[PDB]
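# Observations on the three-dimensional arrangement
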Amino acid sequence: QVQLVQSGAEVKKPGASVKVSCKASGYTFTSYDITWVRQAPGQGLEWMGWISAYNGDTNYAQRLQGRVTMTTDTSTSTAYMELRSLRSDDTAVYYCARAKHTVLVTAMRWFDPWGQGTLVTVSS
Amino acid sequence: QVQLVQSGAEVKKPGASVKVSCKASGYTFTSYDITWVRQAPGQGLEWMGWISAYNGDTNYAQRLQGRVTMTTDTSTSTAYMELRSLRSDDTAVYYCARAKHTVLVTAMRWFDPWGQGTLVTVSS
Amino acid sequence: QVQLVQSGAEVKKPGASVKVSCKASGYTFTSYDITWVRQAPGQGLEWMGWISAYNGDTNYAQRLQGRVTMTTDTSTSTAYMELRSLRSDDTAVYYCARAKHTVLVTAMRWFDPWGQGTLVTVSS
Amino acid sequence: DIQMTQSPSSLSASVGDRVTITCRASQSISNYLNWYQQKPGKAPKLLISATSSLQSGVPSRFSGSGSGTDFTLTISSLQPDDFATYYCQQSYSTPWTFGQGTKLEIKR
Amino acid sequence: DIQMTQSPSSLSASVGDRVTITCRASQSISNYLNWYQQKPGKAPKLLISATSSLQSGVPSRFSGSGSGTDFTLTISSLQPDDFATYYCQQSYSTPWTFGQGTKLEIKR
Amino acid sequence: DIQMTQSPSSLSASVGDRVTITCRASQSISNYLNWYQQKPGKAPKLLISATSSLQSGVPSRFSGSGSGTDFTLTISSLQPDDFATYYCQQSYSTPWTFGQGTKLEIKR
Amino acid sequence: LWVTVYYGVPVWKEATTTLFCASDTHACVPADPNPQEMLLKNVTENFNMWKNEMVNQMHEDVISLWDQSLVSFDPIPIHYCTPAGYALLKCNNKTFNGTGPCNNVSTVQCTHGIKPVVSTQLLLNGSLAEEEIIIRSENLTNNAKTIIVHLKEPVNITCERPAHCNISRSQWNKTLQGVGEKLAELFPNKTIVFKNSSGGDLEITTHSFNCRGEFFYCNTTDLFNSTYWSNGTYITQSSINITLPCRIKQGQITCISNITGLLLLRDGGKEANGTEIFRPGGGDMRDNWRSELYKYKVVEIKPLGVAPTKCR
Amino acid sequence: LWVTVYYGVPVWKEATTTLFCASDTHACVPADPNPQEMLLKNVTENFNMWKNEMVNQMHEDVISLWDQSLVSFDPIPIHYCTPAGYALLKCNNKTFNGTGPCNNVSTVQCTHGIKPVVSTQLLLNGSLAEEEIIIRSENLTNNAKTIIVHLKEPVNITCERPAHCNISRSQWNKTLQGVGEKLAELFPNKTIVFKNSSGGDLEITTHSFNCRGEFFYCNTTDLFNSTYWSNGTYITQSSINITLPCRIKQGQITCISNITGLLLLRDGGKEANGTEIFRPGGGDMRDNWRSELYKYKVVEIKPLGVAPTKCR
Amino acid sequence: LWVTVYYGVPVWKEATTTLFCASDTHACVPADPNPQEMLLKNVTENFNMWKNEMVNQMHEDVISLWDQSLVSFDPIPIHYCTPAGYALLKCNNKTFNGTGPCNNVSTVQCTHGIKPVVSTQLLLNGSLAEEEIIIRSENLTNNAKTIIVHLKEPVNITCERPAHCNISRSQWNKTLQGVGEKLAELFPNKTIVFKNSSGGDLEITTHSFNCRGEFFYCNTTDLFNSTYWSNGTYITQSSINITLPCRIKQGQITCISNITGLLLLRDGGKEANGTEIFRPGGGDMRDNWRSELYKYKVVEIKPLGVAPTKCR
Amino acid sequence: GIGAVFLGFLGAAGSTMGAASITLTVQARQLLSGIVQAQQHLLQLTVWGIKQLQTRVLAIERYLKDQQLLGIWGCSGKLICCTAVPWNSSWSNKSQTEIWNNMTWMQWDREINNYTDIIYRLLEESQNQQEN
Amino acid sequence: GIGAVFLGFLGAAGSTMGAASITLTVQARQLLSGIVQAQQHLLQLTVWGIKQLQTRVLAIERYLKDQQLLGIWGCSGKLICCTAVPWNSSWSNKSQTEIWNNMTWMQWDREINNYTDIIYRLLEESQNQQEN
Amino acid sequence: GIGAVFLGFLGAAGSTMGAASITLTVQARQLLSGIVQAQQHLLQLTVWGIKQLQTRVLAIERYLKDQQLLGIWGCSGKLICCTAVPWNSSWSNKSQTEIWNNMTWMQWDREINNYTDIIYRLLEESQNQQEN
Ligand SMILES: *[C@@H]1O[C@H](CO)[C@@H](O)[C@H](O)[C@H]1NC(C)=O
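Residues numbered from 1 in each chain as written, not as in the entry; some residues may be left out. Chains lettered and ligands numbered in written order. Heavy atoms only, no water.

Structure determination for this entry is recorded as cryo-EM, at 3.74 Å resolution.

Have a look at this one:
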């Protein structure tokens, strides 16, 4: 029912930009937030950030100073995530999920559904 | 179902004015008339008058020359009756009822429902 | 259900004009055409013409050069046929029918319902 | 003006007895005449209209009769819930005058 | 213009007999040809379309056959309600000319 | 920032054995702590929320316990579909840091 | 010698239900173009019209409809249909005055197209009773019950505001002669005299009726004050047009209608003499419906039955 | 030696009902995403497609839909479902020409997604019959019945108005070769010759079809006049694009489609010779539906049954 | 010695269904003004509230309603009704903590007017439990389960934005004394100490609640840090108005309410000592419904039964 | 489809018992075997069909109630059923033949309407005693 | 819920009588025990449900009609019922065994379809005579 | 009209078997004999009535299913039915009197809930064997 569909795996040159889409189905996209998390080849999941599909507020990780830009499209209910200034350590699988509710925010504090993930590989 | 609710019993000074309300429920207030009748302590009911809730026409008793004013409020469906220049003989219980229909007026000629009545007492 | 009702039988003077009506019931009058055919006392049916109830296009017989005028009224769904410059051989029974569909025109090529017919008699 | 004159002022009888109340007019009023029953404290209620032409009430215990200038309300059997004053009201002409009323007592 | 020529002008037979009406054209018209039955006084009615391709009528008593330039209407058994004149109409080209008709009599 | 420290890095056991994973915090986080199970290749899925307060999942095979600064995930019996890495995530404060994870092997 | 239980016997009971309206707005259920009328030979049913519930139901429906509408309105035929398990009996006897026994009973599912028309002193646009004149009442001895006169033939009424209200003189005179002879048949001797209303207000005195737009209150006393002596001498007191000068209460319109019913009332003369004075009355408006609802009653099916036999 | 009444035997009868429409506007009932298909082993049912009622029902529905719509419209899949107490049989034999017996019978509640498409001389967007080429007709001996050709593989048609209408030459030539060999198999000897329409108006002569917006009347005679002799020598008379110059009747749009069916007609040559001339025809539009309704019939359940046994 | 089949025995089973909503927008079914409550004497039913399905159903309904609405909204009473063949048992024992056995069982068709209110740390506008204080939990030994405190008497809360949020000091002190004595009764010895939230964000730390328009996040630590020693010495640390300075998240309005429930949580002190520290918590919002749904369970009727007797 | 039976129930109301008992089977069987079928105006179809559905459901529950009542006695679903309760002369002393070719069913109903409840109770209790 | 039975009625259409009579009880019992559940778009729910309600009511009245037909004979509600009408050889002289393991039900229907009405009348009249 | 019976089914849940078996007939019979009845707001009547119609139809099909289940055994429509299957002591050795004035129905259900399916199968197969 509720599902998030991502874009295909991309390979990009160093110093370029990567744009990844995430389409939501089975629920009202305007009634939740959308977060993104990356897993590098190896072990460990690092939280990039989340953004609100209703207010439009964004909150990113502190390490990602300004290399990350995140937007939504309500009509298509699709979240877009943009990473600039790629480094050699940026090769990872990126997953899009929903963070919590917008109003009833003190109860659900989990990333319920997850997308298949998009593999972004940087190399020369 | 159909019921007329009056105001509480009032005591007033001589020469003052008394205003009594009558709220109608259970039927279309605009499809009938509203009449008022007083009963003094003792015996006898004296017809004061009636007024139309649709046209707004009023018809009062001849003895009550101009001491009686009668109005309706359609939105609240409430009839208001106002007596000025009270005399010592004006102490009585006042009842509000409906007189007849507006269109089919040659059939029903009775005061079908009656309110609980409001006791107006004048004294010094 | 579907029926065409004509006007009464008329007698007209030579050189005059005859106007005959045909009312349609039981179907959408705008979704078909209307044709008229005359039968003289004796034997033989001669096709006068047909007209479209949607586009308004008309197609008459070649012998009837300009003596025939044909119109429709959509609101009353009634077809009117007008013959001027009557000759002594114009005495006949006129029938109104429907020709075909407007869109699906390659399938039905028959005059399905017919009216009772109107007898037009010319004499001095 | 047309006057309403009820024959009795106060009568007493026993339970089940038949009591007739006569109401008279100074002018002919055809068959337009209603009856009201007033219990002590409570407002009077309609019981017979135009000689028993009501729509929902009229339990099979009251009856009305008469036309012209005299009218009669008749009970078949009195019951304890019948302590009241009865008034005859005209509906012929704009002066819808009431009767002075008859108080009915029941003996025990 | 294309001409319609019905082989018979008037024929008589008995009840239950099989009567064949032949209608011919001066030009090939493929399979576009309808038949009309006209009772005396009443307007003619459609009975067979494009060699029996109707939607509601066609009782199991009439039949049509033939293609090209000759066509045949065949009855299986005549009945008293069959006194009429039959006309073959073309629908190939704008001149939708009718046949002069064949009047059918039934002998008794 | 609040750190997530999972006691085991990799453990192996047999089918039906009970495996306990201990996750610790540098600061008290009350009872806000979720568990994620990541199969190889597939994205991790929620399995226990706030010590088993989910709405539809939680099959009767996992359990959570503990409060304050230490928490424990307990299995009742391991099954072949349990090859995965388990991560404990905090939800107390904006730094929703994850655990480095524990890979669970099953011996055969 | 033993009982047997039959499911299928034709037994009915005289209970009452809440029939539902039908139309051919509150809206109603469908009105079918066919009757299930089936004559029950060899049976007679004891009818009664003064103890009907349908009249009260239709009075309530008319009151509700007039409340919802509120000028004027267009009345429509209204059928009444019974729920499953019930039937509507119907009487076919033509001289049936309204009560008492009946023959030629026929069962039906839904009534005919009644018209909710309110009028005074003249039942307009009503159904026409066949054969002869019909006189109906509740208690004829009492003088406090309105007498309903069902007419055999209609009389045209044509009234127009420029206010005129025209009737044919000869036909109305013949109709009054028929009414008088029928009433003299019903009232032994006691030559009948007709009079106008006595002293009512400008609303009860006149004939009040409704048509396109406005309300017509019409002074009818110019078409009364006739007499009918004992034997044969009904004699009244110009042109075949008889006109009513009358007033309008809330142009160049005309509303035609039929006069098919009369609402008379017997004056309480008290003294005997040899005359009975009748004046047109009113008061009730349930009589406007009772003219076409005097033959319908509702019956409840009771399929089960018991009967003794030699069933061992 | 005594009868026994079984309630539950699997007995059906071949009556007909009024099936109701279903959709996945007049609107219809729901269309479920599952079949109740259950194969009935060890049974053979005698089918018939020329005596179906569903075709007339769908013709009426299409006529009503086109009347309501009136440009153009978007067709939608339409399922047909049977009322309670009935079932839809279905034939699974792949070489089933349309009539005669059948095997592998399967029962169903609702049909598949039929598309109400009207076209002439080329059944566009139709369902694709598998295995081999299918030839169907009512009375093959008669030359007054249109022959329906169900094709194994689709042929792309691509037509655009700037008017051009393009087909692949090689695939269409192979398809015509297959049609010719199948027809020669059906017609003993009598080398087949293909010809265009003879003398119809500008409406019947050409291939008339509907897509976005307008009506396309297209002169097809440039893709005919081939021959198929007895043994193997089917030979026709440039570029793989074959284009149809043709007209529009009531821009830069393209409507792609498939050619999955042919509507041929046998010329009445009368004289024998050794050739049979076929020309594309038309006339009926019930054949546009009969290509996907040749395997469905409606059956009525008759649960009760009687059988003798030793039940004492 | 032989079995007998009774259709009519009063036997129920503990299955679960999908109950349907009722109202006195997605809309619901009617809510009747009468209960079918019938006391079942001489029976005791083993209840359970932590294994209910109605709570999940109402959580889903509340989530759907909030999604549809999206400010703020007006909650309405919502009844829950069971389909045909099922009943809702109800417990009447007043000291019923939520689980375990029960007496005075009464069967019902539809629940009462539940109000879908979401609040933290203070159950506002809830139903008032009678008699005494009620303490409920799932596993009291564990310190990871929120403790629900059902209060006997309401405490008025009055909060206004010019932001102030006012409580009566004396009544709240008495209420806390009652809660402390009840908890000391439940917890042998181990003098209880109350504390505020420790280190949550600006959303979990404060008491968050909803009224007209906006969201109120209110710093509650000024009304805590009390103590309850073993014997009788509950002592706290001005004016009867106690005010909460607090913030608004998305004038001159006032939303009054009642404090009828507490959501406490036992700190994991690990070390024994002689004190148990309690802090108001939250997390789940299914507890907001469980306070008025602790006595309703759904049962399935199984009319058929078998029993042995001497029926030959 | 089903309710109309209750209206066709009255066809033989005039005939005597002899001619009414014979036709009962064909009457009931042929009666029940009655095989038969802007946007504001489109909305009106629903209120058209709701009333008809309510009528059909009412007929169905009436049938079910009456069939249960029959089944309580010693008659499961049969029409001309038999019971073992003796017929005492107190209820009616009229001979068999006169009632069986001279008295219509309703006349019998009116004659016996005072004693029907005793008959019902006796039937039910005798069936219960026979079962035990 | 109920109508689907009439569609599951055809599961054993291919088997012989021997394998079709055995499974009848479980077939019928498990078939009937099928336990299961802008504003313009909101209006559409009513026309969604009206058709389904009509279908369910149609199935119910079909069931009631057929059950009454069974009850007229000597079979109240049973499936494999028994009757006392003798089976003459004129209707069919085929032996019991061949029809009972070699002939499907429909083949028997086709063989006997000409004589079914006489069988129905004989059953009903023999039951009526036995009752009297 | 019909569904409410299933809710009145629980009136005698507390009484023993002796006082529950006696009142069964009057309970069932009196329960089933429960004789009783802008434009956007006008649309709402249809969705009012659809739910009630669905509930009534659900009750009707539950009744029909249970009645068929009863009819499969040797009980057509009767309430206190009888069957010829012997009662072995293995199912329960408790004496008749204790269960018949001391044990409520539900206590018996809980005691015997493990053996009910064997009882159902034995009843059905014994009825089938007796018929054959
Ligand atoms: C509720 O009371 C029961 C006594 O039957 C007890 O066993 C249970 O532990 C109590 N639960 C709570 C939460 O107080």
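Resuming the write-up.
## A word on the overall build of chain J
From N to C terminus, chain J includes 7 helices and 0 strands. Moving toward the C terminus, one meets the helices and strands of chain J in the order α-α-α-α-α-α-α. The globule rule puts the C-alpha radius of gyration for 132 residues at 14 Å, and the 20 Å found for chain J is more than 25% above it. The principal-axis extent of the C-alpha atoms belonging to chain J is close to 70 × 40 × 25 Å. In chain J, which comprises 132 residues, the proportion classed as buried is 45%. By element, 53% of the accessible surface of chain J is carried by carbon and sulfur atoms, the whole surface being about 6,700 Å². Of the side-chain charges in chain J, 9 are positive and 9 negative, and the distance between the mean point of each set is 11 Å. (Helix = DSSP H or I, 4+ residues; strand = E, 2+ residues; numbered from the N terminus. Rg over C-alpha atoms; globule rule 2.2 N^0.38 Å. Buried < 20%, exposed > 50% of the residue type's maximum accessible area, 1.4 Å probe, protein only. Areas by Shrake-Rupley, 256 points an atom, 1.4 Å probe, with all protein chains shown as cover. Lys, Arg positive; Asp, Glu negative; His and termini not counted. Charge placed at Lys NZ, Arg CZ, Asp CG, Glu CD.)

## Topic: the overall build of chain G
Secondary structure assignment for chain G yields 3 helices and 23 strands. Taking the principal axes of its C-alpha atoms as reference, chain G extends roughly 85 × 50 × 30 Å. In chain G, which comprises 312 residues, the proportion classed as buried is 52%. Summing over all exposed atoms, chain G offers an accessible surface of approximately 14,600 Å²; the carbon and sulfur share of this is 50%. Separation of charge centres in chain G, based on 28 positive and 29 negative side chains, amounts to 6 Å.

## Some words on the interface of chain D and chain B
By convention, interface size is frequently given as the accessible area that disappears when the constituent parts associate. Counting residues at the interface gives 20 residues for chain D, matched by 14 residues for chain B. Interface of chain D and chain B: buried area, both sides summed, is about 1,700 Å²; carbon and sulfur atoms make up 60% of it. Between the two partners, chain D and chain B, sit 0 salt bridges. Counting the contacts that link chain D with chain B gives 6 residue pairs in polar contact. Within the residue set of the side of chain D that touches chain B, elements represented by two or more residues are β4 (33-38), β5 (45-49) and β8 (84-90) of chain D. (Contact = heavy atoms within 4.5 Å. Buried area = accessible area lost by both parts, 1.4 Å probe. Salt bridge = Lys/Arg side-chain N within 4 Å of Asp/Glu carboxyl O. Polar contact = N/O pair within 3.5 Å; in protein donor to acceptor, adjacent residues only side chain to side chain.)

## Thoughts on helix α3 (residues 24-32) of chain K
Of the residues making up α3(K), those classed as buried are K:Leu24, K:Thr25, K:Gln27, K:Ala28 and K:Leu32. Buried residues along α3(K) cover an arc of 165 degrees about the axis, so they all sit on one side. On its buried side, α3(K) packs onto β1 (2-7) of chain H, α1 (4-8), α2 (17-22) and α4 (39-72) of chain K together with α4 (39-72) and α7 (116-131) of chain L. (Arc of directions from axis to C-beta.)

## Notes on the sheet that holds strand β4 (residues 29-30) of chain H
All names here are of chain H. Sheet architecture is open: 3 strands sit in the order β4-β3-β6, paired in mixed fashion. Only two strands of the sheet have a single neighbouring strand rather than two, namely β4 and β6 (79-81). In terms of strand pairing, strand β3 (residues 20-23) meets β4 through 2 bridges, oriented parallel. Counterpart to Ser23 in the pairing with β4 is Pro30. (Pairing = 2+ DSSP bridges.)

## Focus: the arrangement of the chains
The closest approach of any C-alpha atom in chain F to one in chain H is 26 Å; the two make no contact. Left apart from each other, chain E and chain L have a closest C-alpha approach of 38 Å.

## Thoughts on the packing of aromatic side chains
A complete count under the given rule lists 72 aromatic pairs over all chains for this structure. Between A:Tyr27 and A:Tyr32 the ring centres are 5.5 Å apart and the planes differ by 70 degrees, which places this aromatic pair in the edge-to-face class. The class for A:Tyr27 is buried, based on a relative accessible area of 18%. For A:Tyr32, a relative accessible area of 16% gives the class buried. Measuring from ring centre to ring centre gives 6.3 Å for G:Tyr228 and G:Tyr234, while their planes differ by 25 degrees; the resulting arrangement is stacked. An identical accessibility class is assigned to G:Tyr228 and G:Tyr234; each is buried. (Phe/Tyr/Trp six-rings, centres within 6.5 Å; stacked < 30°, edge-to-face > 60°.)

## Quick notes on the site of the ligand
Residue and element names in this part refer to chain I. Looking at the ligand, the residues that line it are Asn97, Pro101 and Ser137. The contact in question runs from an oxygen atom of the ligand to an N or O atom on the side chain of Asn97, over 2.4 Å. Bound to the protein, the ligand loses 46% of the 370 Å² it would expose on its own. (Near = heavy atom within 4 Å.)

## Details of the environment of G:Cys91
On the secondary structure map, G:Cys91 appears in the loop between β7 (86-90) and β8 (105-108). Judged by its relative accessible area of 5%, G:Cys91 is buried.

## A few points about the interface of chain J and chain G
Taken together, the contact between chain J and chain G spans 44 residues of the former and 39 residues of the latter. Across the interface of chain J and chain G, roughly 4,200 Å² is buried in total on both sides, 69% from carbon and sulfur atoms. Area buried by chain J at its contact with chain G is led by J:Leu7, J:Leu10 and J:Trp105, which between them contribute 17% of it. Our enumeration of links across chain J and chain G arrives at 1 salt bridge. Those elements that provide at least two residues to the side of chain J that touches chain G are α1 (4-8), α3 (24-32), α4 (39-72), α5 (96-102), α6 (105-112) and α7 (116-131) of chain J. With 9 residues, α4(J) is the single largest residue contributor to the side of chain J that touches chain G.

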